[PDB]
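J.: Which chain is which? The protein sequence lines are D, D', D'', B, A, C, C' and C'', in order. A prime marks a further copy of an entry chain. Mapping of the first sequence onto PDB author numbering: residues 15 to 38, 65 to 85, in sequence order. Mapping of the second sequence onto PDB author numbering: residues 15 to 38, 65 to 85, in sequence order. Mapping of the third sequence onto PDB author numbering: residues 15 to 38, 65 to 85, in sequence order. Going by PDB author numbering, the first residue of the fourth sequence is number 12, and it counts up by one from there. Mapping of the fifth sequence onto PDB author numbering: residues 1 to 135, 156 to 210, in sequence order. Going by PDB author numbering, the first residue of the sixth sequence is number 1, and it counts up by one from there. Going by PDB author numbering, the first residue of the seventh sequence is number 1, and it counts up by one from there. Going by PDB author numbering, the first residue of the eighth sequence is number 1, and it counts up by one from there. All residues carry an ideal CB built from backbone N, CA and C; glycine is no exception.
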Amino acid sequence: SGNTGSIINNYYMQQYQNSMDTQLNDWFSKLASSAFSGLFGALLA
Amino acid sequence: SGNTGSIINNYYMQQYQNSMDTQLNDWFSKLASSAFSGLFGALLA
Amino acid sequence: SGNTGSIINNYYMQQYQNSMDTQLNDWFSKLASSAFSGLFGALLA
Amino acid sequence: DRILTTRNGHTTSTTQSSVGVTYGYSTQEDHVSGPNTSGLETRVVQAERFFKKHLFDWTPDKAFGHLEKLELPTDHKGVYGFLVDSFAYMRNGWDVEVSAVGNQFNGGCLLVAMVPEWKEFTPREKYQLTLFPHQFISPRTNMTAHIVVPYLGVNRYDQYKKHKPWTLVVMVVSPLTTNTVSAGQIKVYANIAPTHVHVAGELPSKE
Amino acid sequence: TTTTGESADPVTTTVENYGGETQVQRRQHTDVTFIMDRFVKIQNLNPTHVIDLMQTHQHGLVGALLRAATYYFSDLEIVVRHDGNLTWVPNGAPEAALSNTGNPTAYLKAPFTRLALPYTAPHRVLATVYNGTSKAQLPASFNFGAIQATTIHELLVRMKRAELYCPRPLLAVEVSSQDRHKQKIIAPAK
Amino acid sequence: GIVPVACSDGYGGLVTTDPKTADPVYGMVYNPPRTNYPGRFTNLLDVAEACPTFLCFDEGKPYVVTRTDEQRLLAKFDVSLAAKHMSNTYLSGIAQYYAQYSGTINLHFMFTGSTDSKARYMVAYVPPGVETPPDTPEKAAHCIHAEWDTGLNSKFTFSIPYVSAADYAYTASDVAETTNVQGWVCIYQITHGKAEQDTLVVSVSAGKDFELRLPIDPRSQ
Amino acid sequence: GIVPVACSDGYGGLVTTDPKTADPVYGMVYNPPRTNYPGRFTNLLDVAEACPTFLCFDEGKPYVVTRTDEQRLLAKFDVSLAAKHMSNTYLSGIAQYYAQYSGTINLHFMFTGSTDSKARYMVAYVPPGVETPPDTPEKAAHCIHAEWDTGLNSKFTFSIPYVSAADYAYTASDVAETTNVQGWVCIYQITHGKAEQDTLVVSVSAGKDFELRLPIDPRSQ
Amino acid sequence: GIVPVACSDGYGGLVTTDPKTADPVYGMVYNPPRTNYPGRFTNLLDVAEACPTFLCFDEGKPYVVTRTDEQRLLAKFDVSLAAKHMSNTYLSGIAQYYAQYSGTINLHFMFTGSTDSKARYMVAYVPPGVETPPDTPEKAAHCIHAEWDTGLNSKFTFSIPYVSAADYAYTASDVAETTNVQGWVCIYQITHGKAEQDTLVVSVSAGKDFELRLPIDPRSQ
């Protein structure tokens with residue numbers, strides 16, 4: 015996940031190790073990936 | 015069972031960890073589930 | 015690899031235990073293996 | 012196609028000098044029916060329409076960093092305003108249009124941004140206001156900025172009399188320049204519409 | 001690359017424009033969950049202490065990155081050096097509860113106590129800035165519970181499985197030099 | 001050789017709520033059977049839903065009553081598990097041991113008047129946002145509310161909805177909060193007919209989605 | 001018998017960045033949902049690429065301007081994340097927390113003059129190897145560079161290439177280094193037409209292969 | 001319960017050559033690539049076989065020479081990695097860090113005389129068992145030996161065989177051993193023709209079955 019490096023499973027259940035998320065998405069990744077690149081208009085290379 | 019969170023089995027046999035039950065049922069769960077809901081009589085919604 | 019003798023895998027992931035190499065070959069082994077041997081010229085044994 | 016018409020209810024706005032619409036942080040809204048309102052929330056479309064507010068007069072003497080802000084919601088004397096006084100909880104996003112009409116002979120640049128959880132920025136932090144949803148207004152190019160943002164906050168519904176999640180901010184990036192043929196000052200106005208207005212918890216009457 | 005600057009559409013030009021070649025990049029170290037996942041000091045302590053991440057130093061690696069976000073979510077690990085037994089209570093508990101053993105209480109074991117704690121706020125996310133009142157300061161409900169011991173000497177916090185939303189300004193030291201901020205970088209002796 | 005281990009600093013101390021078990025020392029104990037022992041409850045909230053307990057009104061009475069037949073506010077109480085009026089209820093007895101809750105709380109009204117006495121009542125949920133609670137049924141009508149009259153069925157039950165900014169609310173109330181954070185419940189008498197000495201008994205139970213979380217041990221010991 | 005272990009010297013102490021987790025003590029906590037909360041960012045560099053922040057020129061202005069229409073060096077700054085001119089940028093704010101970087105850094109130029117003002121500019125990347133930066137466009141032409149004029153599109157973006165001996169460069173600058181180690185960026189005005197009071201706003205963002213590595217906590221605390 | 005372990009006495013201390021690894025603390029580091037970097041060597045003996053280094057004769061010369069054309073013993077040295085004559089060689093530089101060796105050691109002889117100078121040489125391996133080394137080619141002929149003359153090919157290589165009682169020999173030499181334990185190498189000049197000022201350069205390399213074992217750290221530090 016993030017800065018954890020044991021090859022072996024945790025001795026404790028996930029319900030104890032962490033809080034659990036419920037339900038009822066990376067905006068900046070999309071924003072960055074949508075950036076324009078290259079040139080606008082005609083090119084004489 | 016209740017407030018125990020090891021993913022791994024207990025090192026000791028159950029006959030040692032706990033007392034053992036013998037034989038020869066949740067009343068309040070049934071009582072609560074049997075409760076009346078909604079309305080009694082005619083509705084003009 | 016070199017002066018490590020555990021039969022068992024390391025508890026930590028390789029990404030944590032060591033740095034990781036990227037890519038974009066034993067010269068002295070080849071040099072030694074290429075050495076001339078025996079005799080040069082005629083033999084009267 | 013620099014021409015754009017925006018409709019919110021029975022109100023429209025048409026601009027011929029736009030550089031498009033900037034969507035901030037999302038393109039749709041989070042779920043409006045969560046556990047905190049127990050299914051008692053309702054939508055009020057009669058409030059989703061434009062209202063107006065003068066922000067400030069952009070003059071040549073205002074320098075880089077000069078900042079003007081408008082915390083939202085602001086005092087509203089129409090339907091939306093009535094909802095704030097009659098319901099305990101509300102949520103809505105904003106459709107924001109800011110105009111700065113001078114002429115093409117004026118020079119300079121304004122930064123228009125929507126900021127969540129406003130805090131007064133220090134002079135050094137002003138160099139990074141572009142981290143927030145924004146557009147610029149430069150007389151040589153456009154007279155209108157347009158930003159659209161969703162509702163957000165630690166709570167799914169809010170009490171606007173106690174917390175204003177969004178703040179409209181206009182900052183001078185490069186000072187207004189004038190010619191013999193240009194305008195001498197530019198009045199900056201906001202045309203705002205609340206979006207996806209939901210209310211919960213009807214309050215009693217005061218009489 | 002030539003574009004319409006006023007629309008504020010992201011534009012990422014590359015060295016290919018003038019014949020160069022864009023390389024491969026490895027960004028694990030700037031991954032949010034990863035970077036926030038390390039212990040940092042809290043510093044202002046009392047025997048009764050409410051865990052508030054905003055008490056991290058504002059220029060510290062974690063404290064600064066946290067303040068560079070508006071909203072966040074995470075679970076927590078803490079390391080506490082204390083005299084006496086350490087008790088923790090969740091967000092919302094009456095301060096009085098800190099005196100009772102029925103609440104998670106860690107019996108002293110040298111040199112200190114390390115615990116994993118879950119997020120317990122009543123809000124879906126917390127904020128580093130809040131434009132309003134709850135009755156500037158932050159609302160009282162923005163916390164990860166409280167701890168108490170006879171004496172709390174040191175407290176370290178670690179954000180687990182962190183999520184950050186809505187970037188805010190993050191500043192480097194201001195430069196007076198007129199060219200570059202210069203400092204002593206580590207170099208071999210002799 | 002043998003297995004090398006790192007005895008880790010910061011781990012190993014006893015924590016009163018830890019999720020591990022102790023080592024046993026006395027094995028093979030078989031218990032007398034208790035198959036089908038009656039009256040078991042496995043969740044506190046099953047009991048709280050099924051057994052309403054009485055509210056407490058001025059003078060320690062579990063009911064309200066009024067001598068005049070005009071419209072009156074009979075009672076007003078904070079929507080708080082720490083409210084004076086809820087202080088002797090089982091729901092509050094349970095709630096004190098948890099830091100937060102969400103969900104429906106149900107009020108029950110049982111009229112105990114004689115056959116010849118009639119009344120018409122109104123209950124309203126007033127959310128936070130106003131200085132003082134409404135003193136008349138007319139002002140309160142604009143809130144979520146129910147009105148009912150007495151008849152063959154003596155009991156009326158009404159759900160106090162969970163309406164709040166956050167997804168959970170605190171069970172305890174802070175010294176700093178002057179006006180209640182979750183609002184009020186107001187009980188009115190629209191009018192009555194010959195009901196001067198007759199009472200309306202009020203009790204409370206947990207609703208279907210009522211929930212308590214985060215166990216705490218707060219009482220002075 | 002039981003398992004024999006070797007409690008190993010030198011292991012077990014707490015390390016603030018260790019890759020292990022603590023023992024838990026309070027289980028079964030379910031969080032309020034935060035599905036699709038807007039504005040999430042999972043990597044600092046996504047933000048750095050998408051949101052250019054302003055440079056700082058003499059007097060704390062995010063722009064350069066010139067009164068004369070002759071050719072001039074408008075600004076010169078060190079290609080360093082610790083440069084005076086980059087000191088208020090988000091890229092430098094992030095970079096201070098990493099020891100090394102490599103990759104492209106992008107400069108953005110936005111002309112804010114009136115319709116009747118025109119200009120032609122040049123930006124050049126000057127690598128290390130010369131005493132002082134070139135003062136004229138003519139001397140700088142021999143470097144990697146781009147020239148552009150103002151028109152309908154107000155913005156021009158140019159990539160400062162990573163050209164160095166080592167594969168990574170330090171983000172901080174040492175007291176011993178007099179002349180900058182990664183070179184300079186020089187911005188010139190070739191000429192202008194009636195642009196005396198008109199400015200060129202400069203901002204910076206991270207390029208596609210820009211990378212930061214080796215987290216550090218350097219600020220005085 | 002939990003797992004019971006026996007923390008064992010006598011285990012766990014740090015040993016400078018232990019076969020275990022430390023716990024990590026700073027993950028996810030990717031290195032600059034070093035693919036096909038030239039000049040790699042993975043075993044010291046590959047280098048020792050391929051690169052002969054010079055022997056050292058009276059006066060610090062890597063060669064022997066003789067002014068007279070009569071038969072003479074030109075040099076005699078101990079078959080020891082600690083011999084004066086081997087003291088500046090790479091083979092001895094490596095050998096000092098191991099306690100034992102076995103296998104072939106190769107000597108190389110390169111004649112550097114002018115075209116008009118000729119010579120005939122003899123090299124003999126004298127095993128232990130005699131008081132003093134033979135002073136003449138005639139007495140030494142009875143040992144393992146090779147004779148060669150100068151010509152178009154300037155170099156002659158001869159293998160000093162490993163002949164010993166034990167399977168390995170010590171690399172160092174003890175203060176108690178007066179006469180060398182592995183014997184001697186004797187280099188003779190049978191005769192020469194006009195070679196008065198011409199030299200024979202001698203170098204040494206490791207043979208195919210040369211082996212070093214048991215690493216040690218002996219130098220004064």
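Are residue 75 of chain A and residue 24 of chain D touching if we call contact CB-CB under 7 Å?
T.: Within the fifth sequence, numbered from 1, the residue matching residue 75 of chain A stands at position 75. Within the first sequence, numbered from 1, the residue matching residue 24 of chain D stands at position 10. Judged by beta-carbon spacing, residue 24 of chain D lies beyond the 7 Å limit of residue 75 of chain A, meaning their Cβ atoms are not closer than that value.
J.: One question on the structure: do residue 239 of chain C and residue 19 of chain D' come within less than 7 Å of each other, judged by their Cβ atoms?
T.: This structure leaves residue 239 of chain C out entirely; chain C is present only between 1 and 221.
J.: Cβ of residue 79 of chain B within 7 Å of Cβ of residue 181 of chain B?
T.: In the fourth sequence, the residue the question calls residue 79 of chain B occupies position 68. In the fourth sequence, the residue the question calls residue 181 of chain B occupies position 170. Yes, the Cβ-Cβ distance between residue 79 of chain B and residue 181 of chain B is below 7 Å.
J.: For residue 26 of chain C', return the contacting residues in chain C, with the cut-off set at a CB-CB distance below 7 Å.
T.: Residue 26 of chain C' sits at position 26 when you count from the first residue of the seventh sequence. In chain order: 17.
J.: For chain A, find out if any of its Cβ atoms is closer than 7 Å to the Cβ of residue 31 of chain B; answer yes or no.
T.: In the fourth sequence, counting from the first residue as 1, residue 31 of chain B sits at position 20. So yes, residue 31 of chain B belongs to the interface.
J.: Starting from residue 193 of chain C and walking both ways along the beta strand (DSSP E), at which residues does that stretch end?
T.: The residue given as residue 193 of chain C occupies position 193 in the sixth sequence. Looking at the DSSP string, the run of the beta strand (DSSP E) that includes residue 193 of chain C is 184-193.
J.: Please compile the residues from chain B whose C-beta is within a distance smaller than 8 Å of the C-beta of residue 112 of chain C'.
T.: As a position in the seventh sequence, residue 112 of chain C' is number 112, starting the count at 1. Result: 118, 119, 120, 149, 151, 184 and 185.
J.: Could you tell me whether the Cβ of residue 28 of chain A comes closer than 7 Å to any Cβ of chain C''?
T.: Numbered from its first residue, the fifth sequence carries residue 28 of chain A at position 28. Chain C'' contact via Cβ: present.
J.: Between the region 190-198 of chain B and the region 126-133 of chain B, are three or more C-beta pairs nearer than 8 Å?
T.: no
J.: Give every residue of the same chain whose Cβ lies closer than 6 Å to the Cβ of residue 111 of chain C'', excluding the five residues on either side of it in the sequence, and list them in chain order.
T.: The count along the eighth sequence starts at 1 and reaches residue 111 of chain C'' at position 111. Cβ neighbours of residue 111 of chain C'' beyond the five flanking positions: 150, 154 and 200.
J.: Would a C-beta distance cut-off of 7 Å place residue 87 of chain A and residue 113 of chain A closer than the cut-off?
T.: Here the question's residue 87 of chain A lines up with position 87 in the fifth sequence. Here the question's residue 113 of chain A lines up with position 113 in the fifth sequence. Against a cut-off of 7 Å, the Cβ pair of residue 113 of chain A and residue 87 of chain A comes out as no contact.
J.: Across the region 153-171 of chain B and the region 60-72 of chain B, are there enough close Cβ pairs to call them in contact, namely three or more that are closer than 8 Å?
T.: no
J.: Would you decide whether residue 74 of chain B is buried or exposed? Buried here means 16 or more other CB atoms lie within 10 Å of its CB.
T.: As a first step, residue 74 of chain B is located in the fourth sequence; it is residue number 63 there, counting from the start. Per the 10 Å Cβ criterion, exposed.
J.: When the Cα of residue 65 of chain C' is compared with those of B:118, B:88, B:99 and B:15, which residue comes out closest?
T.: Walking along the seventh sequence from the start, residue 65 of chain C' turns up at place 65. Cα-wise, what sits closest to residue 65 of chain C' is B:118.
J.: Could you check whether the region 81-92 of chain C'' touches the region 128-135 of chain C'', counting it as contact only if at least three pairs of C-beta atoms, one from each stretch, sit closer than 8 Å?
T.: no
J.: Helix, strand or coil: which one does DSSP assign to residue 84 of chain B?
T.: If you number the fourth sequence from 1, residue 84 of chain B lands on position 73. The answer is coil: DSSP assigns residue 84 of chain B none of H, G, I, E or B.
J.: Using only alpha-carbon positions, find the residue among C'':5, C'':206 and C'':140 that is nearest to residue 72 of chain D''.
T.: Counting from 1 along the third sequence, the entry for residue 72 of chain D'' is found at position 32. When only C-alpha atoms are compared, the closest one is C'':206.
J.: Which whole-angstrom value is the C-beta distance of residue 158 of chain C'' and residue 140 of chain C'', which I expect to be below 8 Å?
T.: Position 158 of the eighth sequence, counted from the start, is the residue given in the question as residue 158 of chain C''. Position 140 of the eighth sequence, counted from the start, is the residue given in the question as residue 140 of chain C''. Wrong, their Cβ atoms sit about 14 Å apart, outside the cutoff.
J.: Can you name the residues that DSSP bridges to residue 103 of chain A?
T.: Locating residue 103 of chain A in the fifth sequence gives position 103, where the first residue counts as 1. Residue 103 of chain A is not bridged to any residue.
J.: I'd like to check one pair, residue 36 of chain C' with residue 41 of chain B: are the Cβ atoms closer than 7 Å?
T.: As a position in the fourth sequence, residue 41 of chain B is number 30, starting the count at 1. As a position in the seventh sequence, residue 36 of chain C' is number 36, starting the count at 1. Against a cut-off of 7 Å, the Cβ pair of residue 36 of chain C' and residue 41 of chain B comes out as a contact.
J.: Determine the chain C'' residues that contact residue 168 of chain C' at a beta-carbon separation under 9 Å, and present them in chain order.
T.: In the seventh sequence, residue 168 of chain C' corresponds to position 168, counting from 1. Within 9 Å Cβ-Cβ: 32.
J.: Decide if residue 215 of chain A is buried, meaning its Cβ has at least 16 other Cβ atoms within 10 Å, or exposed.
T.: Examination of residue 215 of chain A is not possible in this model, given that chain A is present from 1 through 210 alone.
J.: Is any beta-carbon of chain C found at less than 7 Å from that of residue 216 of chain B?
T.: Translated into positions along the fourth sequence, residue 216 of chain B becomes position 205. Interface residue, yes.
J.: With three or more beta-carbon pairs closer than 8 Å as the criterion, would you say the region 87-103 of chain C' touches the region 1-21 of chain C?
T.: no
J.: Between residue 69 of chain A and residue 184 of chain A, how many whole angstroms is the CB-CB distance? I'm expecting something under 8 Å.
T.: Position 69 of the fifth sequence holds residue 69 of chain A. Position 164 of the fifth sequence holds residue 184 of chain A. Yes, they are in contact, since the Cβ atoms of residue 69 of chain A and residue 184 of chain A sit about 4 Å apart, within 8 Å.
J.: Should residue 29 of chain A be labelled buried (16 or more other beta-carbon atoms within 10 Å of its own) or exposed?
T.: Within the fifth sequence, numbered from 1, the residue matching residue 29 of chain A stands at position 29. Residue 29 of chain A comes out buried.
J.: Which residue wins for smallest C-alpha separation from residue 23 of chain C'', given the options D:35, D:21 and D:36?
T.: Locating residue 23 of chain C'' in the eighth sequence gives position 23, where the first residue counts as 1. Answer by Cα proximity: D:21.
J.: Would DSSP call residue 30 of chain C' helix, strand or coil?
T.: To locate residue 30 of chain C', count along the seventh sequence from 1; it is residue 30. Residue 30 of chain C' falls in the strand class under three-state DSSP.
J.: When the Cα atoms are used, what is the spatial distance from residue 126 of chain A to residue 69 of chain D'?
T.: Stepping through the fifth sequence from its first residue, residue 126 of chain A is reached at position 126. Stepping through the second sequence from its first residue, residue 69 of chain D' is reached at position 29. Between residue 126 of chain A and residue 69 of chain D', the C-alpha separation is close to 37 Å.
J.: Taking the continuous alpha helix (DSSP H) assigned at residue 46 of chain C', which residues delimit it?
T.: As a first step, residue 46 of chain C' is located in the seventh sequence; it is residue number 46 there, counting from the start. Element bounds for residue 46 of chain C': 44-50.
J.: Kindly indicate which three-state DSSP category residue 28 of chain D'' falls into: helix, strand or coil?
T.: Here the question's residue 28 of chain D'' lines up with position 14 in the third sequence. Residue 28 of chain D'': helix per DSSP, three-state reduction.
J.: In chain order, what are the residue ranges of uninterrupted alpha helix (DSSP H) at least 4 long that sit wholly in the region 26-86 of chain A?
T.: 32-36 and 61-67
J.: Residue 160 of chain C and residue 125 of chain C: beta carbons closer than 7 Å?
T.: Counted from its first residue, the sixth sequence places residue 160 of chain C at position 160. Counted from its first residue, the sixth sequence places residue 125 of chain C at position 125. Closer than 7 Å, so yes.
J.: Got a sec, what are the start and stop residues for the beta strand (DSSP E) residue 116 of chain C'' sits in?
T.: Within the eighth sequence, numbered from 1, the residue matching residue 116 of chain C'' stands at position 116. First-last for residue 116 of chain C'': undefined, no H or E at that position.
J.: Against chain F, does residue 38 of chain A count as a neighbour if the rule is that its beta carbon must be under 7 Å from one of theirs?
T.: No chain F is part of this structure, whose protein chains are labelled D, D', D'', B, A, C, C' and C''.
J.: Would residue 36 of chain B and residue 54 of chain C' be called neighbours here (beta carbons separated by less than 7 Å)?
T.: Taking the fourth sequence and counting its residues from 1, the one referred to as residue 36 of chain B is at position 25. Taking the seventh sequence and counting its residues from 1, the one referred to as residue 54 of chain C' is at position 54. It is not a contact, given that the beta carbons lie outside the stated cut-off.
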